[PDB]
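Reviewing the structure listed below.
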Amino acid sequence: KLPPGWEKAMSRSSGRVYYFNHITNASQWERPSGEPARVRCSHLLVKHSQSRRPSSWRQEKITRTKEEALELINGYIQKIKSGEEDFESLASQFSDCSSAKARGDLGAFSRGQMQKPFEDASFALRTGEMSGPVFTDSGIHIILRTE
Ligand SMILES: Cc1occc1C(=O)O
Ligand SMILES: Cc1occc1C(=O)O
């Protein structure tokens, strides 16, 4: 029926169908369009107090809760989707990853190199597509597949 990971859903507030991807946590109103050796992705990471390493270039001690980290992620997704902010700008300013200095770019990678939930979402994203919140042991990610 639909591309890998996509399922139909119903909006509670509007009653209109939408599409949700349970690998990427992406959600959208429009029917989704539709695997390579490698993909290229950028990401914005928000760490939290249960992150594997609760420290980043932004904060020596990361103390925010997972729930607070998800709230930040959700707010970034909202501003990216509205056009108020660009992914690359938010990643450079607010990603708790060293890749912030490269606007979130991680370069290209194969299966087997990244943390599984990140790998799975990356490879289920179509080129140009963005994930919803993706949880790993590092924190919560927004993933943008660029190639
Ligand atoms: C904070 C959090 O972690 C995993 C799920 C949630 C939620 O609030 O939905
Ligand atoms: C304040 C806001 O910005 C974007 C979405 C929302 C919301 O309330 O769901």
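Here, residue 1 is the first one in the sequence, and each next residue gets the next number. Note: hydrogens, waters and symmetry copies are ignored here, and every other heavy atom, side chains too, is used.
The cluster map of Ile, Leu, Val, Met, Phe, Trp and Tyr, joined by side-chain heavy atoms under 4.5 Å apart, puts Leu106 and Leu44 in different clusters. Linking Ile, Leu, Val, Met, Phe, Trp and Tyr residues whenever their side-chain heavy atoms come within less than 4.5 Å places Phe135 and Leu72 in a single cluster. Placement of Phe94 and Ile73 within a single hydrophobic cluster is found when ILVMFWY residues are connected by side-chain heavy-atom separations under 4.5 Å, directly or transitively. Following chains of ILVMFWY side-chain contacts shorter than 4.5 Å, one can reach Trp29 starting from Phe20, so the two form part of one hydrophobic cluster.
Panel note: side chain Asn21, backbone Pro4; a donor-acceptor pair is recorded below 3.5 Å. Using modelled atom types, no side-chain atom of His48 and backbone atom of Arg64 make a donor-acceptor pair closer than 3.5 Å. The backbone N or O of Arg38 lies less than 3.5 Å from no partner atom in the side chain of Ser110, so there is not a single donor-acceptor pair. Under the 3.5 Å distance criterion, the side-chain polar atoms of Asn25 are matched with a main-chain donor or acceptor of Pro133. Here the side chain of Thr146 pairs a donor or acceptor atom with the backbone of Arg40 at under 3.5 angstrom. When atom types are taken as modelled, the side chain of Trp57 and the backbone of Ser95 share a donor-acceptor pair closer than 3.5 angstrom. The closest donor-acceptor contact from the side chain of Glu129 to the backbone of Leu125 lies at 3.5 Å or more, if one exists at all. Between the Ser55 side chain and the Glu60 main chain, a donor and an acceptor come within less than 3.5 Å of each other.
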- prompt: Given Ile140 and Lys66, is the side chain to side chain contact (heavy atoms under 4.5 Å, CB included) satisfied, shown in steps?
  reply: CA-CA 8 Å; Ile140 315 175; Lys66 197 174 334 163; 4.2 Å; yes

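Proximity of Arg52 to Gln115: side-chain heavy atoms (C-beta onward) are separated by under 4.5 Å at one or more points. Contact annotation: the side chain of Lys47 never approaches that of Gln59 to less than 4.5 Å [non-hydrogen atoms, C-beta and beyond]. Side-chain contact between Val46 and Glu68 is absent, with no heavy-atom pair separated by less than 4.5 Å. Proximity of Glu84 to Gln78: side-chain heavy atoms (C-beta onward) are nowhere separated by under 4.5 Å. Looking at heavy atoms from C-beta onward, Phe109 lies in side-chain contact with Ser122 at the 4.5 angstrom threshold. When side chains are defined from C-beta on, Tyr19 counts as touching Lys8, because their heavy atoms get closer than 4.5 Å. Side-chain contact between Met130 and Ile142: present, with at least one pair of heavy atoms (C-beta onward) separated by less than 4.5 Å. Residues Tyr76 and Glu85 are not in side-chain contact: their nearest non-hydrogen atoms beyond the backbone lie 4.5 Å or more apart.
Among all heavy-atom pairs drawn from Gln113 and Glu119, the shortest one is N-OE1, 4.1 Å. Of all heavy-atom pairs spanning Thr24 and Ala121, the tightest one is CG2-O, 3.5 Å. The heavy-atom pair separating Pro3 from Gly34 by the smallest distance is CD-O, 3.3 Å. Pairing each heavy atom of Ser42 with each of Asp105, the nearest pair is OG-CA, 3.4 Å. Of all the heavy atoms in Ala91 and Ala100, the pair that sits closest is O-CB, 3.4 Å. Smallest separation of non-hydrogen atoms from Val134 and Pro117: CG1-O, 3.6 Å.
Under the 3.5 Å distance criterion, with hydrogens and angles disregarded, a donor-acceptor pair is assigned to the side chains of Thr136 and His141. Side-chain polar atoms of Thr127 and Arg145 form a donor-acceptor pair below 3.5 angstrom.
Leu45 contributes atom CG, which lies 9.5 Å from atom OG of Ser98 (distance to the nearest 0.5 angstrom). Put simply, CZ on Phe123 and SG on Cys41 are 8.0 Å apart, with the number rounded to the nearest 0.5 Å. Note: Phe87 CZ to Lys79 NZ = 15.5 Å, rounded to the nearest 0.5 Å. Atom NE2 of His43 and atom CG of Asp96 lie 9.5 Å apart (nearest 0.5 Å). Atom CG of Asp86 is separated from atom CG of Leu144 by 10.5 Å, given to the nearest 0.5 angstrom.
For CD of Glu67, the number of neighbouring non-hydrogen atoms (other residues, nucleotides, ligands) closer than 6.0 Å is 12 at most. Counting heavy-atom neighbours within 6.0 Å of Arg53 CZ, excluding the residue itself, gives a total of 12 or less.
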